[PDB]
Amino acid sequence: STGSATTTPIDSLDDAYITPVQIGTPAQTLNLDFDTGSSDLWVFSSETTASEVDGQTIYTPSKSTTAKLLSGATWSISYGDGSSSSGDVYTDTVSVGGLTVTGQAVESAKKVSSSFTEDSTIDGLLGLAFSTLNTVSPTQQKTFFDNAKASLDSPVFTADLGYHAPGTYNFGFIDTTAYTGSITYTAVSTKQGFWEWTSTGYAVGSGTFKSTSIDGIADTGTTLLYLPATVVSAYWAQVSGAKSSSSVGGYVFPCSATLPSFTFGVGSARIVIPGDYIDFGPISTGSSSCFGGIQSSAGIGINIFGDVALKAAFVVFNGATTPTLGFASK
């Protein structure tokens, strides 16, 4: 089997992407944030504290003839941005782009933190990291990809995120029309539960490539590109007026600037992030200070190849017995 679904930016900055997901019988369609940096499929639901729902579409398990309470199971997750959610668990039928999993754990939110409530466009998350990170207790549950894998034509999914435009998540096949050149595959460590890999270096604009190993994670659920402070300083040094602002929380730059590109290495291959992809717009409405799309990871503990980086590429998440990642230009 295969599946193919369009993923759409939630706003004009590409702050996140939503993909429609069918849950239950009859189908209830929710727009979920596919997140290769986590491993829980959770939704706003009829059980979510009413004051914490503000425009999201909810899953109502009592209206699904295939929903079953997973007795005793609870979940609770906290994300790198400080947001969180928790609740109980049902199993139900979940379909993405024509690919159906029966018995998928659907984690129903009883509580969500303010940032989720405040984002009316995201009805939940669909985790695509390794199932060892799944938070369901006392019986850890499998991701949608893990459950579908055996049925797929090939044990892979691909992320093709658009810049200011829709893109595609495919399951079970590699669309050879969706990229240019060849796909370069690189080793993955699953020891932390992430799609963790090592970039071979970077370049700023038309500058020379610096060969240096940068361990980080391919994370579709993180908006920006978080790299070591040395790398980020070298980038922003090429932008007149750019500075790190403690009050704003990162590098800012004059909105009048033209940003240079940023290149990262995948083996001997190179992925070029155009400068425009690094512009996240005014820090506050009407400001002429703009927020940078490349930020320091120094306070995180891990480098994160988020959407800024991934949307410059066609990315293969290869869930073969030994997982690997593939990157192609497009």
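Here chain A follows Swiss-Prot for its numbers: 90-419, in order, are the residues you see.
Backbone N, Cα and C define each Cβ position, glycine as well.
Here is what Swiss-Prot records for this protein:
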ACT_SITE  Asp124  active site
ACT_SITE  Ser288  active site
DISULFID  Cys344-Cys379  disulfide bond
DOMAIN    106-417  domain 'Peptidase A1'
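Just so you know, of the disulfide-bonded residues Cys344, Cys379, the Cβ with the fewest other Cβ atoms around it within 10 Å is the one at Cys344.
Residues within less than 8 Å, Cβ to Cβ, of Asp124 (active site) and separated from it by at least 6 positions along the same chain comprise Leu214, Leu215, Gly216, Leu217, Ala218, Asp308, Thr309, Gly310. Around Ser288 (active site), taking its Cβ as the centre, 22 other Cβ atoms fall within 10 Å, counting all chains.
DSSP assigns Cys379 (disulfide bond) to a strand in the three-state reduction.
Straight-line distance linking the Cα atoms of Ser288 (active site) and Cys379 (disulfide bond), rounded to a whole number, equals 27 Å.
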